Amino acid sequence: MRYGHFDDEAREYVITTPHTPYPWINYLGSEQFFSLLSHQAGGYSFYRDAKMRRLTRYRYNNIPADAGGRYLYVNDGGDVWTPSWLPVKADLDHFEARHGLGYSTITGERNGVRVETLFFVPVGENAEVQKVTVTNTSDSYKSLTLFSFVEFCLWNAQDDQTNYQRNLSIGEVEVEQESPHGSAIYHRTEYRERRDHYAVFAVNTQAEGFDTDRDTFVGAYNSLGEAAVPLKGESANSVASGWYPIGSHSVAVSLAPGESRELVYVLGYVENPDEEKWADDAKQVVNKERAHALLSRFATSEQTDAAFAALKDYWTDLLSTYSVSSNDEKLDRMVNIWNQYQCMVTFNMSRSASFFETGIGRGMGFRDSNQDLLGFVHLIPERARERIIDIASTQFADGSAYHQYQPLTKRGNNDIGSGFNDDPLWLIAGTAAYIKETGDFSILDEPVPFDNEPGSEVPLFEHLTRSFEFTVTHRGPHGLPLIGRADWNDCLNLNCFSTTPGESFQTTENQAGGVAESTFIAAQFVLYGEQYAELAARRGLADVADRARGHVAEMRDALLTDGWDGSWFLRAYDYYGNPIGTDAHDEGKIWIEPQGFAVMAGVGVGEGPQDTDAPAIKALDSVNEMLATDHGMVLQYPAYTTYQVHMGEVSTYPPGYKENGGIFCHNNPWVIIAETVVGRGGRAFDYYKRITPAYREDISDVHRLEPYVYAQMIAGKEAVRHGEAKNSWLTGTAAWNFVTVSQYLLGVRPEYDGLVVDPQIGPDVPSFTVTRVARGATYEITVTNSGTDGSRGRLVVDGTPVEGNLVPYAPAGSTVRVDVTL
């Protein structure tokens, strides 16, 4: 069953009931100020740092979930309800919520009163705006009082939730009932001291009254669903002194039958320079000039409507580089709108805040900065270039990388450190992807320091060299790369040996030395090793490139011998040189990561899909037999049923969840791409559909989470909850799936000298057109597709057949038409 539907014309997901299987969220904000917003108005906002500059408070694992947010209590004759349904849960005659790109609307109607709220963060502003339309849909006169409500956070969310011994005495506000354009509340905790910022919550009309103390508005012993003040029907005009500050205004609204009223509410973040903090000589009254200026820009519905229009323009213009038109509307909506939106949100939000990530931790993986780029580089290439330079600037001189990058300070995380040996090669991955997209080889000459040390600058290219050489110089007894703390699988910790609750599996190493090797890093080195060698050669370093290709060849051989178990690739050798991922064991016989990545790297690929003795086909067939389920491919099989002390976190999960038998949507694409490489498009597209939001929409009761974005993890076949997802939105799954569908299924992918056109998607998509803007030109690519395994496209360019699958890049401004037959 479904709980809504896509509206492709509006580019919205339309949730038609409050009673979803999980809170379904959207993200607002495209610059520095962001909001999380559920279909029940739940969530919170922050400026840049969700740990240290959170404006509003939100409780994770609340009972019930998501029961705090931006609420508007309607009092109609004594009856109090909320359009968001929650928190009051009064019966509504109509409910609808629409999540769009950077905005959402929530509409609730009860007893002849409809309330529509449009929520959005305007471009150019550090604020969340609410455009509220109240309509009297009855045949009687209505006289309403609306009470707004947001609960403030005391900026540092970690302190807010732990240090009550200090913080229940510091909450401060100022109230401005006669604001120039309405009424305003200012939350100013710690402005007294080291803070140069405050929040404003305001409405564009004169409020009847206000409240700033939560205990007074809500009342003792009450939940938000039973808040005393709206029930009494008049604000208490409470002025907070410590405890819990909030923003609430009451607004009187009288409407004849059929009449409506519009109101605009603003939650703003304001900073003043230090010499302008105070209005008064005695330094007691906050300088409100900047806040009044913001409120003046949203004083009318008209200004607000223009602002909303500019946001839609922003997203429309941004998503104008890749689109597809086919027989399959589920495919098209994913490629055209939702997947690309999700990749932008991962750029904007990193791994900070979702309804599973709590916004306290602030970094993301070095590996994920690079992988995310694969998905967003076609949209924001300038920012991509910068991100590459910023993360490369943190790299150590020996080539090792900080495992964790902090995007806000542009530094590596010192506490976590290094030692995850897959990390360095991902920088080659990111850089090459950037250069293929843009043609900007000049990035390789940029001066980039090591560990952010002034004076240490060398060309970015030399950082790639150091990443490459790190792996060469850190190989084990079989010539495979030493794994270190972990590789892409954060839970494969072969140098941990922990028996103490509390020790980090990723950073604890209770034995030193060993010979643990990873076949994942091996495959990664063949793939990105060849990418590095190509860049070196184009750079004119023939010798360096040939030597690199030498090492790459050696690693290919290592994978196909010591790395090969017979019918699939091994996963690793452990600390003592014993194999992991072999049929000789009862559990963990086959692991997905090496099979996908090695075949993407071309390792063991034969003469075609029917060359079934080819190690790549055997491995992929084994994946199909042992790992594939109706909800995607599980990470390994069988899952471990007892703790494997020599392997770290992996076996700590119950069978079927996360890294112990879970379906990692992030790594399924590696196998999808690998199936395109060997020529089995139908199987590739099947696997893509199994895990992709638009195709799972019809089983939303099973997926549980949002039906419009990828999640990290779907429960595997060994779990009672098989098919249920966790960890929506913030995941590398988005990038890898966009790469998969756009570049490998649909087949349109940038190379250094042209655009490759090599569709491999099987019979279910018999004709389609891709429109791709690349290097300033527009390529219109029409494909007629039989879907036959092993059939590859023959190209006709501007009406003339050509050999091969490469279209040399046209001059900017050109339109190039490519007809493909397969």
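Heads up: residue numbers just count along the shown sequence, starting at 1.
**OP:** Select between 25 to 33 and 754 to 762 the stretch whose C-alpha atoms have the higher average B-factor in the entry.
**Re:** The deposited B-factors put 754 to 762 ahead on the C-alpha mean.
**OP:** Select between 715 to 723 and 449 to 457 the stretch whose C-alpha atoms have the higher average B-factor in the entry.
**Re:** Per the PDB entry, the higher value belongs to 449 to 457.
Original post:
Which listed residue, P230, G182, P707, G225, has the largest C-alpha temperature factor in the record?
Top reply: In the PDB entry, the greatest C-alpha B-factor among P230, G182, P707, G225 is found at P707.
Subject >> Out of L294, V80, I672, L464, residue topping the C-alpha B-factor column of the entry >> reply: Answer for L294, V80, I672, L464: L294, with the highest C-alpha B-factor.
**OP:** Grab the CA temperature factor for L560 from the record and place it in the lowest, middle or highest third of its chain.
**Re:** Highest third of the chain for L560's C-alpha B-factor.
Subject >> Cα B factor band for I337 (lowest, middle or highest third within the chain) >> reply: Bottom third by C-alpha B-factor.
**OP:** Grab the CA temperature factor for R53 from the record and place it in the lowest, middle or highest third of its chain.
**Re:** Lowest third.
Original post:
Mind checking which third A774 falls in for C-alpha B-factor across the chain?
Top reply: Its C-alpha B-factor, which the entry lists for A774, ranks in the highest third among residues of this chain.
Subject >> Assigned third (lowest, middle, highest) for the C-alpha B factor of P654 >> reply: As the PDB entry reports it, the C-alpha B-factor of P654 lands in the lowest third of its chain.
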